Structures are given as C-alpha cells and as structure tokens.
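Starting off, we have a lone chain in the form deposited in one PDB entry, written out as structure tokens.
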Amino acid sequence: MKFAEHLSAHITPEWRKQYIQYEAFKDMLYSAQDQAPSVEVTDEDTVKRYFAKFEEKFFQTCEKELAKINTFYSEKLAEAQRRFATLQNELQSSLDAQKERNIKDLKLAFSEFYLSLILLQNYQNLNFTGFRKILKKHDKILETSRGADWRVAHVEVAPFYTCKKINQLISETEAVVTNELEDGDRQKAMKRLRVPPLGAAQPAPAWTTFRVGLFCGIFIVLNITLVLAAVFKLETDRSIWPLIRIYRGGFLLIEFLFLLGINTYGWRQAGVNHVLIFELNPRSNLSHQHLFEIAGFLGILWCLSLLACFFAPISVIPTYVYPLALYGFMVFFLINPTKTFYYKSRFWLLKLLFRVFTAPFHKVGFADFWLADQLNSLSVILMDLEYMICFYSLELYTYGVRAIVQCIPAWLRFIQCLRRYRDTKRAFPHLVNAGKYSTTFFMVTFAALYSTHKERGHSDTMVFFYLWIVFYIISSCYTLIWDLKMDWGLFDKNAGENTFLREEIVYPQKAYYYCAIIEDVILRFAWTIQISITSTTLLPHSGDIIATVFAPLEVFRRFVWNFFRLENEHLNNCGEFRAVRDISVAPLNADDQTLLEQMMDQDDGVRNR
C-alpha cells in the first residue's frame, strides 16, 4: 500500500490490520467491472440490478472500514493523551525531586511518544487518501457520482479526518522537551526526538526467548564439558591441528552470528533504521532473539561434534565423520527447500549470496556491500573450508590456491566497487575503495612470494621482504583511514563539541567511539599481520596459533564496524544506495504564520501575475 519509506519500518502489523483494505476494494471494483452484463445482450433492468447489488455491498464495506478507522483512531488518541499526561507527571516529579540514567530514559520515552504521534498522523492521512482514491475509482468505473457524495457526507465529517488534536500534541511535545528536558534549544530537541528507537511496540514471541535460554544453557554446560575433556583427555603422538582449523571455521561462524544479533539489538534500540538500509521486508523481520537462537543452535551442534571427536561415542563411526556431519547439517539448514526453519531469512540469504558471488552482473545494493565486507572479515571460514577439502581429499597449497582463497572476498568487493563505478560514474568513493581491495591482493602476493623465495635463499628474498613490509604498512594505514573517515564518518570538520567525531551522534555515550577507534587501529594492524602470516609458510610455531587467536578479534572488529557504519549510513548517507538522505522521523510542515499577515489586510495575489 506504500505507506512510506521510513515510517514503514516502525509500523507494527496490528497497525496494518487497521488500515483501509485498498487492495480488497480495488479487487472488488475490478470483479464488478469484469462480470457486468452488457446492454447489447441484456436489457437495462438486469444491468441496473447487478450494479445495485454491487453498490450495496461496496457501501456496506466502506461503512465498516470507516467505523474501524474511527474506533482505532479514538483508542490511539486516548492512549496518546494519557501517555502525555503520565510523562508530564514524571517530568514534574523529577524536577521537584531535583530542586528540593532516568533523564536519558525520559528523553527516550519522549522520542517514542513522538514516534507514536507521527504514526497516528500517518494513520489519518493515508486512510483519507485511500478513501479518496477508492471512491474516485468507483465514480470512474460505474460512472455515478455516489462515491463523491458519500465521501462528503460521511468521510469528510468523520472524527479521524476532523480531529486535529494530534498536531497539537506534537507541538506540545516539542515545546515540553525543548523548554524542560534541555535548555532553550529547538534544534537539539528536534534532533533527539527525530530518531526514535526502531523497535516497535512488540515483545519477543515468548518462545524465541525460551529457546534462546535453552540453547544458552546447553552451550554453557557443553563448553564446560569441552574444557574439562581437553584438560584431562589429551591426545598423544598425534596432530590435533587438522581438527582445530575445521572447528575454528565453525567457531567463527557461530561467534559472527552471535555478534550480529548484538548488532541488530544495538541498531534497533539506538534508532538506526537498518530495515530500510538493508532493504529488508518491513513486515516479518528478525529481532536479535532469533539470531541469538540460531547462533546457539549451531553452537550446540559444533560442541556436540567436538565432544564426539574427543570421546568415542560410536565405535564403527570414525572421528572424521563428525565434522562432515556437522557441516552437512549446517549447509542443509542453509539450503533447506521446505518452508520450515526460518525460510524467509534463509531464502533472502541465499539470494544475497548468489548476488555477491556473481558480483559484477548484479546491481550492487547495500546488502551486497555489507555481506561482501563480512566475507572480507570472515575469509578464515573460507580458508578452513578449503583446508577441510584438502585434508579430506588428498589424505585422511597446490599452486597458490590458498592465496586465491584469501583474495576471493577482496576480489568480490573490488569488482563490486568497479561495477558501481560503471553505474554511478563517480571516481571518489569507488576507485579509491577498489585500490584498497587491490592493496590486499598485493599484500597476499608479496607474502607468498617471500615465503617461496625464502626457501631459495636468493638475494631477492630481502627485496620481497621490503615490498611486503611497505605494502603491509600501506594497506594497514589505507584501510584504517578509509574506515575512520568514509566508513565511520568520524573525524569530521563540522563537529565542534564532540571533538574528534561528527555533528550527529546516535549512541548514548561518546567513550564508545574513542575505544572503538583504538581497538579498530590495533585490530586492523592485527588483521593485516594475520593475513600475511597465514598466507606464508614462515614458521609453524606461531602459525595456526596467531590466526586462531586473532580471528575472533577480527570478528569483534567487524561487528564494531557494523555498528558505526550503519550509524553513518543512517545519518550522513555515505553510500549512494538510496535517493533520500533524511530517514529520521519528522512530521508534516506547519505554516500558521501564513494565516497571520493575512486575515487582516488586502491579501489579493491569487492571480498568477
């Protein structure tokens, strides 16, 4: 029904159940048009009785929808006035206590109340528009002016159209917040109220939370079992290394899903409209509980497979079957053809993976960017899958295959950037980004050549070491600056009070931003050294331990990056993915000063010239 571009994400399904059935009315009109007997075949009486039959049903339906809208609007208006009274009482109680954090929570409550008022204004406007279009179509199709007369007689005098208390409540809320929650300042108060929490007024389904608890408990006890089994049951005269890489890939996947659930929670509460940026379906999206539940389920499977590897559950089944069973079940749960077990999200993810891997052919949305960059962060999973294939194919680095596997994610985003260069034709945010994902290629290639030529012992080995170190520092500095400037939006010249930040800050505290800056610096350097070390056969002592301990750190950096990049996308629209910068919830315009300067003198001026 095309509610809006930003309000659509904040609208609860129970809100959508109370709008006019535009599609149903149009289908009814088209059914009346399609089944109409003709004057040529049937006489006028038969046609007239058919149209009377249709009009009676049509107007009964219109009366029912109008009554529904009136009743729901009355309920929501009463709720809004009651909540405004309660909030004023709380604010006055706080002021009386102080004169003779709760204040931040109270500003948040005012933001949610403002969002409710905007949604009710939307409720008035779109329902009136729907009635007007439906009755205009009725007039066009049946050639009778009964639609317009009925609209004038009933719709235009209905309470939802005429009651203008919502505008007054909006103005009073703005005045209250401006003059009482902050000092005299309207820009700051409107800036705070214009970004309400995206989380609409529905709790968890009350069974997803229970399953999250179930899987968290099983996961905690299984981890304790893993720790005890590893401490006591230790192998002898065998290499546990082939198992640790496989379960490392599994662990990074599970941890990424958990941290992505935390990211969804952070975006939803802070106000970042990730639904619009990701271009998700505004109806039936996933909160953080669902992601936590999926992460817990895969963690249970991973822990069970690892315990089966440590113990000997089934004598006939060998040890290497358990990783096979684990990843077979994971991939089947990813490519399940049926409609069960998160079919919507699973199919969305499959479509997104198809568009990411065949990058230049598909137009680059925001989701393709986000998931290609997540692949840039999670390349260790791809490498461990490659190692699993190698270890299960050759037995139980053919020719630079590992280097290609490392460079696959960087190549995907490199070619996406070039495709966006072809499409948009702007060299600033695209070719620079491509240069970044090519410096990653240079890093990997020179590390591999250094590893190969260290065996030769030729004097060119030091030249390749110098090339590796210079490209290491270049890629680290390049990615760090690009992150903190274009991907995060920090270090802006416009901010005066936020110091080394930008004008608009969504998250409640600033120390988050600073600690994120430091961790992002040290962890980008660690990520680059991890790529270099894992791409080189320098020494197996630190190798396979540096990567193992630094990969979860890399996923940590990536989810922090997720927070701040989505915040930048909401605020400063750093990517040209949508042709509207302003997503923040704002009401319609008000020009009461235009009635002033009129009503008193010779207005005139109605003529064009």
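Residue positions are given as counts along the sequence shown, with the first one as 1. Definition used throughout: the rigid core is the maximal C-alpha set that superposes within 1.5 Å between two forms. Only residues modelled in both forms are compared.
Compared with other entries of the same protein, residue 397 falls in the group left without coordinates by at least a third of them, where both flanks are modelled. Compared with the other entries of this protein, residue 182 is consistently built, present in every one of those that build its neighbours rather than absent from a third. According to the entry, the stretch of the deposited sequence that connects residue 100 to residue 101 contains 10 or more residues lacking coordinates, which leaves a long gap in the model.
Per the record, residue 396 and residue 397 are separated by 10 or more deposited residues that are missing from the model.
Beyond the structure shown, there is the form deposited in another entry, which is absent from this document and is the topic of what follows.
Annotation for residue 328: C-alpha shift under 2 angstroms between the shown form and the other one, rigid core superposed. Residue 264 shows a C-alpha shift below 2 Å between the shown form and the other one [criterion: core-superposed Cα displacement of 2 Å]. Relative to this form, in that other deposited form the C-alpha atoms of residue 507 and residue 200 approach one another by 3 angstroms or more. The pair residue 109 and residue 563 separates in that other deposited form: their C-alpha atoms are at least 3 Å more distant from each other than in the form depicted. Mapped along the sequence, displacements between the shown form and the other one of 2 angstroms or more at every C-alpha, sustained over at least 3 residues after core alignment, occur at 1 to 99, 101 to 201, 455 to 459.
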